[PDB]
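Per-entry structural report
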Amino acid sequence: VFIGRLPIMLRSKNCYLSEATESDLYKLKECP
Amino acid sequence: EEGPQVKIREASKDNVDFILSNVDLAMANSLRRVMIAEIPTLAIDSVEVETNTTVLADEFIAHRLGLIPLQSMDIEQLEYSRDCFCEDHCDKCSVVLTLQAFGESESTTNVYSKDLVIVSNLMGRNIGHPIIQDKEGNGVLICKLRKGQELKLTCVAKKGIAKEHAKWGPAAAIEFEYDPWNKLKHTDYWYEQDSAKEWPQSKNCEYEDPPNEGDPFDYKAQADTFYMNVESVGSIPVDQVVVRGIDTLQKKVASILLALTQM
Amino acid sequence: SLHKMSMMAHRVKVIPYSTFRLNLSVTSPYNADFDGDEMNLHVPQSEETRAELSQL
Amino acid sequence: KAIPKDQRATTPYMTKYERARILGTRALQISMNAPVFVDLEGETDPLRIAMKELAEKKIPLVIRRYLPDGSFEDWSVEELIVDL
Amino acid sequence: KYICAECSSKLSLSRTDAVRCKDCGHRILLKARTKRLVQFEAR
Amino acid sequence: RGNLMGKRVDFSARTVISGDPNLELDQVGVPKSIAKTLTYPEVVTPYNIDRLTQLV
Amino acid sequence: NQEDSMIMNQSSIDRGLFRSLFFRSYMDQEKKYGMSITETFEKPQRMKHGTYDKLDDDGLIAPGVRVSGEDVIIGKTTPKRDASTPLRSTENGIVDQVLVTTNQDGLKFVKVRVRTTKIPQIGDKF
Amino acid sequence: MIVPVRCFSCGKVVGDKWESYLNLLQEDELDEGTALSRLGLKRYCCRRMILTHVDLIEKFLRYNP
RNA sequence: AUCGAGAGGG
DNA sequence: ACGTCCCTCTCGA
Ligand SMILES: Nc1ncnc2c1ncn2[C@@H]1O[C@H](COP(=O)(O)OP(=O)(O)OP(=O)(O)O)[C@@H](O)[C@H]1O
Ligand SMILES: [Mn+2]
Ligand SMILES: [Mn+2]
Ligand SMILES: [Zn+2]
Ligand SMILES: [Zn+2]
Ligand SMILES: [Zn+2]
């Protein structure tokens, strides 16, 4: 059952950016 | 022979070397000085842009083009856009240029000075060419494009003197020295224990001589003989950048007389 | 601004570039310098006040 | 209710503040298109126009120095000194 | 008129008509240089 | 302490202040752009009228 | 360069030295008002004294436009009752990029990015 | 942010000699201050122009479109 | 626009 | 009980 949602910090656990490499981060338009 | 006599030291593609014997410092300076910024040359001035997907801004690249050296050999045959008669510019006052580049290469793809192209009437005068000193001959790296970046801009190239902007800088660095053994005492030194063995003899002290310490100072010691070395990017050859140094000066003094005898 | 010497009047001298420019030797009484310091400027809307600012 | 000159006591010289209000005052008036008395030797400016007036004590003005108790000694610009 | 991103569609879409990279799927959308030429000084 | 014993004032200025060896003690190098927006009431007097009509 | 100031070689910054490169950014949103009574972006006919004509009819201005003074960027309108968003009084640049999309609510959302370069002018900190 | 055309200090054409500097230190594998010195730069003003340049343009290109 | 909180400039 | 003067930005009901 539902509650709400939680601001997440980047490069953390439950963020995609944790998952990326130089190549990936780029097409994610995110900074290496 | 004449007056201010001279003797080359070396000569080359980009540099020239000479002692101006029997020349007045106020002259060799004022000459030096006009050589820097007061000799005319050409260089891109306006630039309109149709398509620029590059990473560098429009006016980013803008500023970059203005600094590309242009051929200027015969240049007095072009007359200052501002002082000519055509609603803005023409072929009498300006060379026009254009640059198409598209990122077809799947690698990383370069645009150069070579890649420029002239799309106006030359009227048979050596103008507007972007010098290449390059070994590879490939010019000057202006920009970089990933397979799909485009660049369409065109460049109106007018005549300017560095006094207005560096780009119309015919010159570069200008070497200047005189009186190597400070025989005229024109500069108090700076030493901890010995002045001498700490300030190194410049690479010119061998064309003048040591001073025979025992002897005194001569108070009639005057400034004469100057060690100079001039260098041009190439927009103009190096003989013309020294001689149209002299030339410009004459014209400068000249128009004194000219407006002298008007009043 | 905690004293008279730091609110003196001047003659104008309209010039270029965006910066107020003042004589090196009136630094001190303002304790001002040339590394980031702004400065104020006013202008009397009359005559008597100008006199008040000129003769005082 | 006033002082008579015969018994005046205050500074007989003119004060930085008297003057600079006086030069000021007339100068405002003059530039308000007022009758000037000294003869222009060619002065667009009214601070100077007044200042010449000042140096000919041709200024029809009385300072009215007030005292702490209330009463005032009048003093003609014709009669005040000017040194400073 | 309006562009995209992850893919960069040459889209276009006058007023009132929603917004999405319908060819891809990310409401980012830019707006392209008017063919109006502009000019900058080489200084 | 804010709207009487002190307020703000029309006709006021501001900028970076630099310093000038070629200037006089008693004058201040104000830029144009302040001088174009910094006015000053002046009356119409025969001694200047031939001036004001060239500024207008 | 007296009293902690720095006289700087103009010709050398003429070659591009200490040349900045600035960017502001403006935002706005079509702000509903309940009964699906929505805002929008337009070119209108109480309105404000800018010079809209740099717009395209869609409520905008597009890259490459050299904008100045207080020239409208965004022409939002609300139930006519003008709501556009002009340039910044102080500044004078050249449009760079702009982005449209929808909020968490799903209404239009426009952020405009205008560039400009800055130049070592007498009186700039270092 | 790419190589700038010539030198801030005396303005000498140095835009060109960039790509030629790379292989000198790489392809030929040599000393930095020997690669610049053997591209015709004895004024440490020009020398400072190359040696202290970061070519962030490359990180740029690497982006999606 | 208004009040409230926040970082810098002398 | 008030608690140095002024100034430039940026952001949430
Ligand atoms: N907190 C402050 N309150 C009041 N005035 C200040 C304050 N900080 C700076 N100032 C004013 O700024 C001037 C000096 O500050 P500043 O830091 O510029 O001095 P400085 O000596 O240049 O710095 P540096 O000390 O690094 O050389 C003075 O006129 C001073 O009154
Ligand atoms: Mn300081
Ligand atoms: Mn300071
Ligand atoms: Zn012409
Ligand atoms: Zn898409
Ligand atoms: Zn150099």
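Residues numbered from 1 in each chain as written, not as in the entry; some residues may be left out. Chains lettered and ligands numbered in written order. Part of a larger assembly, values for the part shown. Heavy atoms only, no water. Residues with missing side-chain atoms left out of burial classes, pairs and counts.

The deposited coordinates, according to the entry record, derive from X-ray crystallography at 3.05 Å resolution.

1. With respect to the coordination of the zinc ion (ligand 5)
Six octahedral donors around a metal ideally subtend angles of 90 or 180 degrees, whereas four tetrahedral donors ideally subtend 109.5 degrees. All names here are of chain E. Filter applied, for reference: Each metal's donors are the N, O and S atoms within 2.8 Å of it, or within 3.2 Å when it is Na, K or Ca, and because water is not part of the set, sites may look incomplete. Donor angles set the geometry label: tetrahedral for four donors if every angle is between 85 and 135 degrees, square planar for four and octahedral for six if opposite donors exceed 155 degrees and the others are between 65 and 115, irregular for anything else. Note on conventions: DSSP H or I runs of at least 4 residues are helices, E runs of at least 2 residues are strands, and numbering of each starts at the N terminus. Each residue is placed in one exposure class: buried if its accessible area under a 1.4 Å probe, protein chains only, is under 20% of its type's maximum, exposed if it is over 50%, and partly exposed if it falls in between.
Protein coordination at the zinc ion (ligand 5): the donors are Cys4 (SG), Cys7 (SG), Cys21 (SG) and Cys24 (SG), at 1.8 to 2.2 Å from the metal. Coordination at the zinc ion (ligand 5) comes from 4 donor atoms whose angles at the metal span 64 to 154 degrees, giving a geometry best classed as irregular. If you list the donors of the zinc ion (ligand 5) from N- to C-terminus, the spacing comes out as C-x2-C-x13-C-x2-C. Pair noted here: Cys4 is in the segment before β1 (38-41) and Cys24 is in the segment before β1, with a separation of 20 residues, a long-range link. You can call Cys4 buried: its relative accessible area is 2%. The class of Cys24 is partly exposed, set by a relative accessible area of 38%.

2. Brief notes about the packing of aromatic side chains
Where we set the bar: Stacked, tilted and edge-to-face are the three classes assigned to paired rings of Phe, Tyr and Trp, where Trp is represented by its six-membered ring and a pair needs centres within 6.5 Å; plane angles under 30 degrees give stacked, over 60 edge-to-face, the rest tilted. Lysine and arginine charges are scored as sitting over a ring when NZ or CZ, respectively, is within 6 Å of the ring centre and within 35 degrees of the ring normal.
Evaluation of the coordinates by the stated rule reveals 7 aromatic pairs over all chains. An aromatic cluster of three or more residues is present, and its members are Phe176, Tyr178 and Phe226 of chain B. The cationic tip of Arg8 of chain D hangs over the ring face of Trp75 of chain D; the distance from NZ or CZ to the ring centre is 4.1 Å. Directly above the ring of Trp75 of chain D sits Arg65 of chain D, whose terminal nitrogen or CZ lies 4.8 Å from the centroid.

3. Remarks on the sheet that holds strand β3 (residues 38-39) of chain C
Selection criterion: Paired strands, in this sense, are two strands between which DSSP finds at least two bridges.
Sheet architecture is open: 3 strands sit in the order β2(C)-β1(F)-β3(C), paired in mixed fashion. With one partner strand each, in any of the chains shown, β2 (20-22) and β3 of chain C form the two edges of the open sheet. As judged from the 3 bridges shared by β2 of chain C and strand β1 (residues 15-19) of chain F, these two strands associate in the parallel manner. By the bridge assignment for β1 of chain F, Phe20 of chain C is matched with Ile17 of chain F.

4. Considering the coordination of the manganese ion (ligand 2)
All names here are of chain C. Note on the manganese ion (ligand 2): its protein donors are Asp33 (OD) and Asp35 (OD). The metal-donor distances range over 2.1 to 2.2 Å. Taken as an interatomic distance, the gap from the manganese ion (ligand 2) to the manganese ion (ligand 3) is 3.8 Å; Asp33 donates to each of them. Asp35 sits in the partly exposed class, given a relative accessible area of 36%.

5. Regarding the interface of chain E and chain G
Inclusion rule: It only takes one pair of heavy atoms within 4.5 Å for two residues to be counted as in contact. Using a 1.4 Å probe, buried area is obtained as the accessible area two parts lose upon being combined, added over both of them. By convention in these notes, a salt bridge is any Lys or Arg side-chain nitrogen within 4 Å of a carboxyl oxygen on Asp or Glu.
Each partner contributes residues to the interface: chain E has 15 residues there, and chain G has 18 residues. Between chain E and chain G the total buried area reaches about 1,400 Å² when both faces are included, carbon and sulfur atoms providing 57% of it. Remark: the boundary between chain E and chain G carries 2 salt bridges. Between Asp58 of chain G and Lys31 of chain E there is a salt bridge; the shortest N-O distance is 3.3 Å.

6. A few points about the packing of helix α1 (residues 25-37) of chain B against helix α3 (residues 238-260) of chain B
Residues and elements named next belong to chain B. Spelled out, the test is: The convention used is that axes are lines fitted to C-alpha atoms, helices contributing only their stretch in contact, and that angles between N-to-C directions extend from 0 to 180 degrees. Roughly parallel means an angle under 35 degrees; roughly antiparallel, over 145; roughly perpendicular, 65 to 115; everything else is oblique. Residues are grouped as follows: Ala, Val, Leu, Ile, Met, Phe, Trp, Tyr, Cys and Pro are nonpolar; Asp, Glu, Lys and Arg are charged; every other residue, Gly included, is polar.
Contact pair α1 / α3: the axes reach a minimum separation of 9 Å and the direction vectors enclose 110 degrees. Compared by their axis directions, α1 and α3 come out roughly perpendicular. Taken together, the residues of α3 that come into contact with α1 (itself represented by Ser30, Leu31, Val34 and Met35) are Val241, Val242, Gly245, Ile246 and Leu249. Grouping the amino acids of the contact of α1 with α3 by side-chain chemistry returns 7 nonpolar, 2 polar and no charged.

7. A closer look at the protein's contact with RNA strand I
The cut-off we apply is this: Throughout, near means a residue has at least one heavy atom within 4 Å of the molecule or strand. By the criterion applied in these results, polar contacts are pairs of N or O atoms within 3.5 Å in which, for protein atoms, one can donate a hydrogen and the other can accept it, and in which residues neighboring in sequence qualify only through two side-chain atoms.
Lining the immediate surroundings of RNA strand I are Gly36 and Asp37 of chain C together with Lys125 of chain G. The sugar and phosphate moieties of RNA strand I supply 100% of its atoms located within 4 Å of the protein. At 3.0 Å from a sugar or linking oxygen of RNA strand I is found a side-chain nitrogen or oxygen belonging to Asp37 of chain C. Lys125 of chain G places a polar side-chain atom, nitrogen or oxygen, 2.7 Å from a phosphate oxygen of RNA strand I.

8. Details of the sheet that holds strand β3 (residues 108-115) of chain G
Within a sheet, neighbouring strands are paired by backbone hydrogen bonds and run either parallel or antiparallel to one another. Residue and element names in this part refer to chain G. If you trace the 3 strands from one edge of the open sheet to the other, you get β1-β3-β2, paired in antiparallel fashion. Among the strands making up the open sheet, the edge pair consists of β1 (24-29) and β2 (94-102). Direction aside, the axes of adjacent strands within the sheet are offset by 15 degrees on average.

9. Comments concerning the state of the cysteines
All names here are of chain E. Rules: In plain terms, two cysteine sulfur atoms within 2.5 Å form what is called a disulfide here.
Taken as a whole, this structure holds 1 disulfide over all chains when the rule is applied. Bridging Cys7 to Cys24, the disulfide has an S-S length of 2.2 Å. Taking the sign of the S-S torsion, 90 degrees for the link of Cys7 and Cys24, the bridge is right-handed. Of this pair, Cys7 sits in the segment before β1 while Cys24 sits in the segment before β1, placing them 17 residues apart in sequence.

10. A look at the pairing of β1 of chain F
β1 of chain F sits mainly inside the fold: 4 of its 5 residues count as buried. Both β3 of chain C and β1 of chain F contribute to a ladder of 2 bridges, which runs antiparallel. Within β1 of chain F, the residue paired with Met39 of chain C across the bridge is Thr15 of chain F.

11. So, α1 of chain B
Residues and elements named next belong to chain B. So the rule is basically this: For a helix, the expected span equals 1.5 Å multiplied by the number of residues minus one.
If you check α1, its first and last C-alpha atoms are 19 Å apart, about what 13 residues at 1.5 Å a residue would give, namely 18 Å. Residues of α1 that are buried include every one of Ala28, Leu31, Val34, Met35 and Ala37, and no others. In the core, the buried residues of α1 are packed alongside β2 (15-20), β9 (171-177), β10 (227-232) and α3.

12. Considerations on the site of ligand 1
Residue and element names in this part refer to chain C. Taken together, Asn31, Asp33 and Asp35 are the residues near ligand 1. One of the backbone N or O atoms of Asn31 is found 2.8 Å from an oxygen atom in ligand 1. Here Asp33 contributes a side-chain N or O atom positioned 3.2 Å from an oxygen atom of ligand 1.

13. Let's talk about the protein's contact with DNA strand J
As a structural note, the neighbourhood of DNA strand J is formed by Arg1, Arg8 and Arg14 of chain F together with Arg24 and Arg88 of chain G. Put simply, 100% of the atoms of DNA strand J that lie within 4 Å of the protein are in sugar or phosphate. Note that a phosphate oxygen of DNA strand J is positioned 3.2 Å from one of the side-chain N or O atoms of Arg1 of chain F. In this structure, a phosphate oxygen belonging to DNA strand J sits 2.4 Å away from a side-chain N or O atom of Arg8 of chain F.

14. Focus: the packing of helix α1 (residues 16-31) of chain D against helix α2 (residues 46-55) of chain D
Residue and element names in this part refer to chain D. Here is the rule: For any pair of crossing helices, the crossing counts as left-handed if the nearer helix is rotated counterclockwise from the farther one by less than a right angle, and right-handed if it is rotated clockwise.
Contact pair α1 / α2: the axes reach a minimum separation of 8 Å and the direction vectors enclose 120 degrees. If you check the angle between α1 and α2, you find them oblique. Here α1 and α2 pass one another in a crossing that is right-handed. The residues of α2 that touch α1, namely those facing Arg19, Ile22, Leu23, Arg26, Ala27, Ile30 and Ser31, are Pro46, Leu47, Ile49, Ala50, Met51, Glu53 and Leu54. For the contact of α1 with α2, a count of residues per class yields 10 nonpolar, 1 polar and 3 charged.

15. So, the interface of chain C and chain F
With 32 residues of chain C at the interface, the matching set in chain F holds 28 residues. Here chain C meets chain F over a buried area of about 3,000 Å², counting both sides, of which 57% is carbon and sulfur. Per-residue buried area on chain C facing chain F is highest for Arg11, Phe20 and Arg21 of chain C; these three make up 24% of the total on that side. Linking chain C with chain F are 3 salt bridges, by the criterion used here.

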